[PDB]
Number of protein chains: 2
Amino acid sequence: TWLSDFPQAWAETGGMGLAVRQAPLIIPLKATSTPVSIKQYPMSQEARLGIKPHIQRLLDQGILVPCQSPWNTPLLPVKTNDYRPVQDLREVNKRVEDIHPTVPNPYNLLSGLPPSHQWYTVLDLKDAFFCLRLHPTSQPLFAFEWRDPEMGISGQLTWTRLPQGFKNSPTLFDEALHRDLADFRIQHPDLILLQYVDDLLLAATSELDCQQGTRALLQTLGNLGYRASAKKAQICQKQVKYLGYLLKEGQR
Amino acid sequence: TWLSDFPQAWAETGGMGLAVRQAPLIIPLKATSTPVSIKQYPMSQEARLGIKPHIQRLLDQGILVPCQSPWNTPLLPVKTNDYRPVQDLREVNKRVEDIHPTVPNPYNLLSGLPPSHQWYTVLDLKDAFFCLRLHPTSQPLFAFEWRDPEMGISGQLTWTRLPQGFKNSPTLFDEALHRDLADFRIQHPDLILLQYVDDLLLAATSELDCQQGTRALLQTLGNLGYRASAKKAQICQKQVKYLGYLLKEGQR
DNA sequence: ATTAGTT
DNA sequence: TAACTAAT
DNA sequence: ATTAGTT
DNA sequence: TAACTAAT
């Protein structure tokens with residue numbers, strides 16, 4: 001299937017992602033900004049156990065690393081009864097320099113969809129932000145304290161990739177992905193590609209230009225280091241669900 | 001003094017007032033209006049005793065009279081620990097046809113005060129509304145229930161003069177007083193007269209044109225049936241207190 | 001005694 | 001979304 | 001655990 | 001002038 005011909009393009013078969021052509025991002029602070037260090041809130045054993053596995057996997061993939069930073073924000077337990085780690089980065093958001101909100105809202109994104117393109121492929125990239133590297137100078141910004149009493153493990157960890165919870169993560173990825181798919185857009189003039197952060201839509205007039213496009217797009221995302229979710233892929237269809245909207249023939 | 005030469009013009013010496021040249025007023029209702037009859041609220045003996053004297057005086061002067069009406073509004077006790085009668089006429093106000101608010105606000109009234117008139121006389125009429133008669137067809141509107149258990153006196157009373165609490169009483173009096181002092185305004189072109197309901201101000205350039213005006217005005221108010229309060233009169237002065245404002249030379 | 005109107 | 005101030 | 005924001 | 005809902 002589509003899964004056999006493109007092993008590299010799917011998170012199921014391709015491994016962890018990594019945008020190899022994108023330089024590590026530098027995060028500029030405001031002109032008056034100084035490091036803020038919030039002490040970790042005491043966490044229950046239940047949450048600490050629920051979260052510990054996610055931390056260890058991240059350390060193993062190298063997405064998380066030991067560090068020592070004058071910045072520190074609190075880790076939160078958030079529950080379905082599974083505990084995800086959720087860094088509260090608002091005090092870091094407050095101190096980072098604003099960037100233009102270049103990402104269009106869904107509505108406007110769809111307006112630029114001609115009606116002659118009724119064959120749809122919808123992909124969503126898996127763990128998009130973690131594919132973008134973080135420059136070592138900007139990594140200390142996102143440090144949190146990891147403290148596993150029942151193991152003697154206390155110390156700070158921070159991120160090597162674009163983190164969850166950072167106000168600029170969605171815009172910076174959308175821009176990064178636009179850079180990487182600019183050449184694809186030029187090699188396929190008759191195709192339409194909509195990008196909403198980690199949510200893509202390819203549109204053609206024939207189910208064949210679509211097949212030939214989805215192949216090309218999957219080929220390209222895999223070679224650039226991105227991974228689509230095959231579980232949610234909607235390939236060469238006449239109606240698809242994109243950004244809440246259901247697109248059938250042209251309606252909506 | 002001014003009190004000896006004008007006995008008729010002062011409430012102190014002139015008796016109860018009565019605008020003899022003004023026909024009894026008819027009060028038109030709205031087009032959809034029907035009589036409303038609110039039952040008297042049970043009143044304590046303390047209030048009933050505090051209010052009883054005021055009622056009896058009013059019956060004696062003929063300002064209050066027995067009647068039988070499909071209209072009825074509640075009497076209230078209001079306290080200084082003296083109990084005044086206060087008819088709640090809002091449900092009657094709601095059903096009476098609106099009239100233009102021709103009375104100007106103090107501020108605008110004063111704007112038309114030239115600076116060459118720095119000699120002031122300020123009068124305020126006593127019980128102004130009660131000087132205006134009420135047409136017998138409009139009297140039932142303002143009926144209240146008077147019930148003195150410890151005397152066997154129960155039954156309805158209503159007003160023969162413009163009542164307190166009626167939304168149109170101030171405008172209708174101001175208009176009535178303007179009609180009555182129109183000729184005075186013509187016989188004294190060099191005088192300035194401001195009227196705010198029951199609050200008058202005469203203004204001249206000399207303390208003599210003022211004396212000769214105050215005499216003429218007192219003469220006129222007395223013959224028309226109005227009564228000024230001598231206790232509060234401010235006669236031929238260079239500074240006076242009118243409608244909150246203090247008028248001295250021309251300032252304010 | 002009711003009620004229009006207000007952070 | 002909690003009670004007053006004034007008004008008649 | 002905090003907090004921005006809401007009749 | 002009384003507590004929430006979601007957000008990180």
Side-chain angles (χ1 to χ4, degrees), chain A residues 27 36-48 50-51 54-55 71-79 83-96 98 101 129-130 141-147 157-159 161-173 197, chain B residues 27 36-48 50-51 54-55 71-79 83-96 98 101 129-130 141-147 157-159 161-173 197:
Chain A
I27 308 314
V36 59
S37 176
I38 304 168
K39 239 295 181 203
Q40 176 58 51
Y41 307 129
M43 195 172 329
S44 85
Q45 187 187 262
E46 181 173 17
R48 182 152 18 80
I51 273 164
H54 310 269
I55 297 314
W71 297 84
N72 200 91
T73 47
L75 222 56
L76 297 159
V78 170
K79 279 212 260 259
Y83 268 110
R84 312 305 272 91
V86 162
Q87 193 170 11
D88 174 6
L89 280 173
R90 292 168 301 171
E91 284 308 313
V92 158
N93 285 342
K94 289 153 108 100
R95 294 163 175 71
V96 167
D98 281 308
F129 297 160
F130 289 168
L141 260 60
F142 307 102
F144 55 98
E145 185 238 356
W146 182 243
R147 25 159 275 202
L157 310 163
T158 197
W159 306 89
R161 320 287 173 90
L162 195 59
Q164 255 273 288
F166 177 42
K167 63 178 195 195
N168 288 338
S169 282
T171 288
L172 289 168
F173 178 87
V197 191
Chain B
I27 308 314
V36 59
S37 176
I38 304 168
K39 239 295 181 203
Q40 176 58 51
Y41 307 129
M43 195 172 329
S44 85
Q45 187 187 262
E46 181 173 17
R48 182 152 18 80
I51 273 164
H54 310 269
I55 297 314
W71 297 84
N72 200 91
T73 47
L75 222 56
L76 297 159
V78 170
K79 279 212 260 259
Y83 268 110
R84 312 305 272 91
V86 162
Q87 193 170 11
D88 174 6
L89 280 173
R90 292 168 301 171
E91 284 308 313
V92 158
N93 285 342
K94 289 153 108 100
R95 294 163 175 71
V96 167
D98 281 308
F129 297 160
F130 289 168
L141 260 60
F142 307 102
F144 55 98
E145 185 238 356
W146 182 243
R147 25 159 275 202
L157 310 163
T158 197
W159 306 89
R161 320 287 173 90
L162 195 59
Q164 255 273 288
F166 177 42
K167 63 178 195 195
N168 288 338
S169 282
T171 288
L172 289 168
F173 178 87
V197 191

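All values below come from the heavy atoms of this structure, side chains included, with hydrogens, waters and symmetry mates left out. Lettering of chains follows the sequences in order, A, B, ..., and the numbering in each one begins at 1.
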Secondary-structure notation, DNA chain E, from Watson-Crick and G-U pairs under 3.5 angstrom (| other strand): |||||||
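- A donor-acceptor pair is defined here as one N or O able to donate and one able to accept, closer than 3.5 Å; such a pair exists between the side chain of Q87(B) and the backbone of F142(B).
- Spacing of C1' atoms, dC4(D) relative to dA3(F), comes out at 23 Å, to the nearest Å.
- Counting to the nearest Å, the P atom of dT8(D) and the CZ atom of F129(B) are 10 Å from each other.
- Between the CE atom of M43(A) and the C1' atom of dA1(E) there is a distance of 10 Å, rounded to whole Å.
- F142(A) has its CZ atom 13 Å from the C1' atom of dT8(F), to the nearest Å.
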Is there any protein nitrogen or oxygen under 3.5 Å from a nitrogen or oxygen in nucleotides 2-5 of chain E, and what are the pairs?
residue, atom, partner, partner atom, Å
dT2(E), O2, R90(A), NH1, 2.9
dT2(E), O2, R90(A), NH2, 2.7
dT3(E), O4', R90(A), NH1, 3.0
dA4(E), OP1, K94(A), NZ, 3.2

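- Put simply, CG on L89(B) is 7 Å from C1' on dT8(D), counting in whole angstrom units.
- A 4.5 Å side-chain heavy-atom check between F130(A) and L162(A) finds every atom pair outside the cut-off.
- For residues 161-173 of chain A, the side chain to side chain donor-acceptor pair (under 3.5 Å) pairs, not counting sequence neighbours, are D98(A)-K167(A).
- Each of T158(B), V92(B), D88(B) was compared with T73(B) under the side chain to side chain contact (heavy atoms under 4.5 Å, CB included) criterion, and only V92(B) meets it.
- Distance, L76(B) CG to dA1(C) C1': 6 Å, rounded to whole Å.
- At the heavy-atom level, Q164(B) lies nowhere under 4.0 Å from the strands shown.
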Before you tell me yes or no, could you show the steps for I27(B) and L172(B) under side chain to side chain contact (heavy atoms under 4.5 Å, CB included), namely the whole-Å CA-CA distance, both residues' side-chain angles and the distance that decides it to 0.1 Å? CA-CA 10 Å; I27(B) 308 314; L172(B) 289 168; 4.3 Å; yes
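- A straight line from CZ of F144(B) to P of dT8(D) spans 17 Å, rounded to a whole angstrom.
- Side-chain contact check for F129(A) versus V197(A): some heavy-atom pair is nearer than 4.5 Å.
- Residues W71(B) and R95(B) have side chains in contact (heavy-atom distance under 4.5 Å, counting atoms from C-beta outward).
- Formation of a donor-acceptor pair under 3.5 Å by the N93(B) side chain with backbone atoms of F166(B) is not found in this model.
- In this structure, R84(A) places its CZ atom 19 Å from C1' of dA1(E), rounding to the nearest Å.
- Separation of the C1' atoms belonging to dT1(F) and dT7(C) is 7 Å when rounded to the nearest angstrom.
- Across the protein-nucleic acid pair, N168(A) atom CG and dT8(F) atom P stand 13 Å apart, rounded to whole Å.
- Counting heavy atoms from C-beta on, the side chains of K94(A) and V36(A) never come closer than 4.5 Å.
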